[PDB]
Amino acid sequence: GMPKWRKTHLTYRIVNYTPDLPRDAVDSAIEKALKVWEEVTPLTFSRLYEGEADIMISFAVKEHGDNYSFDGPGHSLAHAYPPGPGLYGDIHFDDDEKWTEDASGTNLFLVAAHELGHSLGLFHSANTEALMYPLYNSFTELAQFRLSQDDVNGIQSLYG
């Protein structure tokens, strides 16, 4: 039932893949996600390929076995649980979205880095330019990226 992890070495598993993209492109995508957050903290990240990782990452449609169904194209794009054991810390992408490498659909990198926020204990920012801002933001650019101030602050007030 945690607000933070009590480790700062976490493990992660990409449980399955979406077909909207190559798996290499999904791993490049989610490895970047993590780095954003790695960069500003002493959290490390290691990949498992089986078993329970602290952060279980997956793609699911409509109903998917937790208690909060996804809901077709649009509406909610993703959800993730705060730190804690079992379900806590997991990431669930809605595959009724069209995931892509840029902005032509729903950018996977960027929903990924925000959702990693939730799993590291971050809640929703009120600043319009934060990653953690509830509202998805296409109008970019992306090979540009750098977390807003609010996120370095929000996240270091959790792991300094």
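One-based numbering along the sequence shown.
When the C-alpha B-factors of 34-42 and 47-55 are averaged, 34-42 comes out higher.
Look at the mean CA B-factor for 22-30 and for 91-99 in the entry; the higher one is 22-30.
The entry lists a Cα temperature factor for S119 that places it in the lowest third of the chain's modelled residues. Per the PDB record, residue ranking by Cα B-factor puts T11 in the middle third of the chain. Ranked against the other modelled residues of its chain, the C-alpha B-factor of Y136 as given in the entry falls in the middle third.
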